[PDB]
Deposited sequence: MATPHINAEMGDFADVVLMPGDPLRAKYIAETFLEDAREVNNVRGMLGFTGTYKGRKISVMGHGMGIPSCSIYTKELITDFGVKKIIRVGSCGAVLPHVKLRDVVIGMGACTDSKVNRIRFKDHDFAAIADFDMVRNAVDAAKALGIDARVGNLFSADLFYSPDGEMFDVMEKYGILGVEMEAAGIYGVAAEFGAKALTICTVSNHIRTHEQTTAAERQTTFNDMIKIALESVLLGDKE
């Protein structure tokens, strides 16, 4: 057991899918995993282990923000044998050609957090996904007939930014989606020698809004959960 996870080695699979919302982890285990057992409830951060097409898989919330997800991904890597983290989340778009319900894969993650500068002697650490995990996700999306955009996310510390001028900057430099975790998870994965990937669905357009239905949005969220099939591709 670690200070934020009341579990033991073996309780997690060597791959963990992580949404921000602990209730969304419950949704995923119940919708997609067979024989799911709950393996953590400390601080309400529900985590589960079951099987997908016979493959052992865990899913667990990571909370909002780089500091929260850094705790959980660290402890999973160093104390529960986890090799792969797949964040499965929502993001806001700044580019006009990125539409509601697009699937975005973060090959890199920009940030206004200081955590990677602290790690990297105040220089620029390029916070990146594991390439093979990216490729597995692109291929799994193709097999399902979904086109995924691959590029940069931006991991914000302030959901409610006082700036607002920073969204123009993100647009100018081609940021595909704004969320709050990827850069921290990629930093954790480099620091402790594991592999990580962030996939997001566009849940709003920070400029404008666009228009869809609940059924359509929930369909795309389930499409993202690509993540499970990418694991199977990785297993080779």
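Chemist: Should a student be asked to find the unmodelled regions, what ranges of the deposited sequence would be the right answer here?
Modeler: In sequence order, the gaps with no modelled C-alpha are 1, 227, 239.
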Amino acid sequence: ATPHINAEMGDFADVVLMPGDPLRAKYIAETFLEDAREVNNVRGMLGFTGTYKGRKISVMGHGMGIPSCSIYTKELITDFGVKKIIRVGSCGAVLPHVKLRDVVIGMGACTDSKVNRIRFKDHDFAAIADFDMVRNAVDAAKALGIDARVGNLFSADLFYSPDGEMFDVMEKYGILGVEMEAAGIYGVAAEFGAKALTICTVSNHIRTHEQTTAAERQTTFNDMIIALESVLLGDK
From here on, numbers count along this sequence of modelled residues.
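Chemist: 208-216 versus 18-26: which one carries the higher mean Cα B factor per the record?
Modeler: Averaging CA B-factors over each stretch, the winner is 208-216.
Chemist: What stretch has the higher average Cα B-factor here, 28-36 or 65-73?
Modeler: Comparing 28-36 with 65-73, the higher average CA B-factor belongs to 28-36.
Chemist: By the CA temperature factor listed in this entry, which of these ranks top: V98, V134, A127, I85?
Modeler: The listed residue with the largest C-alpha B-factor is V98.
Chemist: Select lowest, middle or highest to describe the third in which the CA B-factor of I57 falls within its chain in this entry.
Modeler: Top third by C-alpha B-factor.
Chemist: State the tercile, meaning the lowest, middle or highest third, of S161 with respect to the CA B-factors recorded for its chain.
Modeler: Answer is highest: the recorded C-alpha B-factor places it there.
Chemist: Would you please rank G145 by its C-alpha temperature factor against the other modelled residues of its chain and give the third it falls in: lowest, middle or highest?
Modeler: CA B-factor rank for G145: highest third.
Chemist: In terms of the chain's CA B-factor thirds, is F167 lowest, middle or highest?
Modeler: Tercile = highest for this residue's CA B-factor.
Chemist: Based on the entry's values, in what third of the chain does the Cα temperature factor of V202 lie: lowest, middle or highest?
Modeler: CA B-factor rank for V202: highest third.
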